[PDB]
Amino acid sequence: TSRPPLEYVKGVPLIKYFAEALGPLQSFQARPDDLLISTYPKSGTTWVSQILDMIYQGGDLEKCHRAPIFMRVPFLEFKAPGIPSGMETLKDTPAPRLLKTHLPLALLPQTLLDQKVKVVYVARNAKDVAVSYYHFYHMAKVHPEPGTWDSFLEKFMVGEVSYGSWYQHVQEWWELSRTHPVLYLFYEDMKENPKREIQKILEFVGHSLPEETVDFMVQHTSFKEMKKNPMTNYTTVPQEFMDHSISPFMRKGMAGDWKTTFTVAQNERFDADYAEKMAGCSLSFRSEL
């Protein structure tokens, strides 16, 4: 098998190479002017990464094409054979740095909280996440075999997928936001009103840009622009690692398209389980626009 099993670390199932990567990651030192992009997988990481990097380049799109987003925004825990690790990439990254992770809080380098690093967190509704992830598993060959949609959806509801439970991830980081600087966004809000969300990000990172530059960012962070941009669309990675003919990384970009995959039986079982897991939480997600 080329698709190795998940390895559990402190309760969290992880890609095996990412588990190994936690070793060198232990020596990682955060700076006070770092910013961390944190998400459960498939919730808009790449989207918000492109947004934050354009802001960092003061809107200059030629600066944003300097390299693929994975090299401009180092992925902390990342590693795979014949690809440079997130830690190796990080050492050539100039400050102020943007950093990406999907780690639950129980694996997050303590340095990031100690240093009070600003967090941009993005949450997305669980149903869209699930569908997105199922397809991602097929094209991104470091994951184990996804199986049928039905058996993947059952694993997703118990957290037996890479990075574990969606339900715990979005709650723990929601709770963290009351004691650490976290801007907590929803993919759906960004779909609804991208300009509004970008203005929130701007206020959060303490920058100012003219209306015209903001409007130029909305354009270049749209699904369509990001899909054809080879610096955001992951098409330059080796086909041994991601195969786009199986499923593109920039797949649909919709809120609400889970309706086209979930059967009615799956939906009813998912809803009942979801109300149990999310009962004590004050988060309200939108499943569609």
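The first residue of the sequence shown is number 1, and the count goes up from there.
- [ ] Return whichever of 80 to 88 and 152 to 160 has the greater mean Cα B factor according to the PDB record.
- [x] Between 80 to 88 and 152 to 160, it is 80 to 88.
TODO: Check the entry's C-alpha temperature factors for 125 to 133 and 188 to 196, then say which stretch has the higher mean.
DONE: The entry gives the higher C-alpha B-factor average to 188 to 196.
- [ ] Return the residue from 179, 101, 165, 171 that has the highest Cα B-factor in the entry.
- [x] Most elevated C-alpha B-factor of the set, per the entry: 179.
Open item on the list: Using only modelled residues of the chain, where does the Cα B factor of residue 19 rank: lowest third, middle third or highest third?
Closed with: Answer is middle: the recorded C-alpha B-factor places it there.
Open item on the list: Sorting by Cα B-factor within the chain, modelled residues only, which third would residue 139 end up in: lowest, middle or highest?
Closed with: Within its chain, residue 139 is a middle-third residue by C-alpha B-factor, going by the deposited values.
Task: Chain thirds of CA B-factor: placement of residue 42 - done: Lowest third - that is where residue 42 ends up once the chain's C-alpha B-factors are sorted.
TODO: Consider only the C-alpha atoms of the modelled residues in this chain, order them by B-factor as the entry records it, and name the third containing residue 205: lowest, middle or highest.
DONE: Its C-alpha B-factor belongs to the highest third of this chain's values.
- [ ] Would you mind ranking residue 214 by its C-alpha B-factor against the rest of the chain and naming the third, lowest, middle or highest?
- [x] It falls in the top third of the chain.
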